[PDB]
Amino acid sequence: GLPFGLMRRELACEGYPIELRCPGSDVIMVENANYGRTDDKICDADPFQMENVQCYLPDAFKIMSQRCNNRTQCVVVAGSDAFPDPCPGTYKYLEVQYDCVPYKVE
Ligand SMILES: *[C@@H]1O[C@H](CO)[C@@H](O)[C@H](O)[C@H]1NC(C)=O
Ligand SMILES: C[C@@H]1O[C@@H](O)[C@H](O)[C@H](O)[C@H]1O
């Protein structure tokens, strides 16, 4: 298990495509995800866009959930029309935590 061997997670800088992939024949199951900015050390951008570390967008979860739920892999633009606009002027990001489960029982 090269990774943490438990719960997968990806993060991407606003405006770029993000890609999720589940091992074997498992499928991605979005648990939690957000679009915005809650840290200033992620996606190194201009200081002015990195100043506000308080931006949340709950609905971002529904978007990724619908796009990656029950799928082995999914690609989405961490911005553009694919994500609303909660804090315009800040360099956001998209964080998604998910797990991979069998497409069937056991
Ligand atoms: C995923 O598949 C399971 C199969 O039982 C289903 O219950 C669930 O609603 C599906 N979710 C989505 C988003 O398709
Ligand atoms: C800093 C950047 O500014 C605009 O492009 C948008 O508001 C975008 O969501 C934000 O991340």
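All residue numbers given refer to positions from 1 along each chain's written sequence rather than to the entry's numbering, and residues for which no coordinates exist are omitted. Labels follow written order: the first chain is A, the first ligand is 1, and so on. Hydrogen atoms and water are omitted, and side-chain values are computed over all heavy atoms in the structure.

The deposited coordinates for this entry were obtained by solution NMR.

Taking the PDB entry as the reference, the protein chain is identified by name as Latrophilin 1 belonging to Mus musculus. This entry's official PDB title is "Mouse Latrophilin-1 GPCR Gal_lectin domain in complex with Rhamnose".

Moving on to the nonpolar core. We define a nonpolar core as any set of buried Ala, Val, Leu, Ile, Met, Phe, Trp, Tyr and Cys residues linked to one another through side-chain atoms lying within 4.5 Å. The classification of residues rests on relative accessible area computed with a 1.4 Å probe and restricted to protein chains. Under 20% of the type maximum is buried, over 50% is exposed, and intermediate values are partly exposed. In terms of nonpolar packing, the biggest core is built from 21 residues, with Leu20, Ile28, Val30, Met64, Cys68, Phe83 and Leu94 touching the most fellow members. If we ignore the near neighbours within four places in the chain, the residues touching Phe83 are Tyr35, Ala60, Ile63, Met64, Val76, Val77, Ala78 and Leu94. Counting 5 residues, the second largest nonpolar core, distinct from the first, contains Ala45, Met50, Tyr91 and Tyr93. Contacts were defined at the residue level, with two residues in contact if any of their heavy atoms lie within 4.5 Å.

Let us now look at the pairing of strand β4 (residues 73-77). A run of DSSP states H or I qualifies as a helix once it reaches four residues; a run of E qualifies as a strand once it reaches two. Both are numbered from the N-terminal end. Residues of β4 alternate between two faces, with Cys74 and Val76 buried on one and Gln73, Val75 and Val77 left unburied on the opposite face. Only strands that DSSP links by at least two bridges are regarded as paired with each other. Where strand β2 (residues 17-21) and β4 come together, 5 bridges link them in antiparallel fashion. Looking at the pairing, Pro17 lines up with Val77 of β4.

Here the focus is the site of ligand 2. Think of it this way: one heavy atom of a residue within 4 Å of a molecule or strand is enough to make that residue near it. The local shell around ligand 2 consists of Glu14, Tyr35, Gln49, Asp85, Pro88, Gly89, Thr90, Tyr91 and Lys92. Counted as a polar contact is a pair of N or O atoms within 3.5 Å, where, for protein atoms, one must be capable of donating a hydrogen and the other of accepting one, and residues adjacent in sequence contribute only when both atoms are in side chains. Here an oxygen atom of ligand 2 and a backbone polar atom of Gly89 are 3.0 Å apart. Interatomic distance of 2.4 Å between a side-chain N/O atom of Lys92 and an oxygen atom of ligand 2. Here ligand 2, which alone exposes 290 Å², has 67% of that area covered by the protein. Computed with a 1.4 Å probe, the accessible areas rest on the Shrake-Rupley method; for each residue, only the protein chains presented here act as cover.

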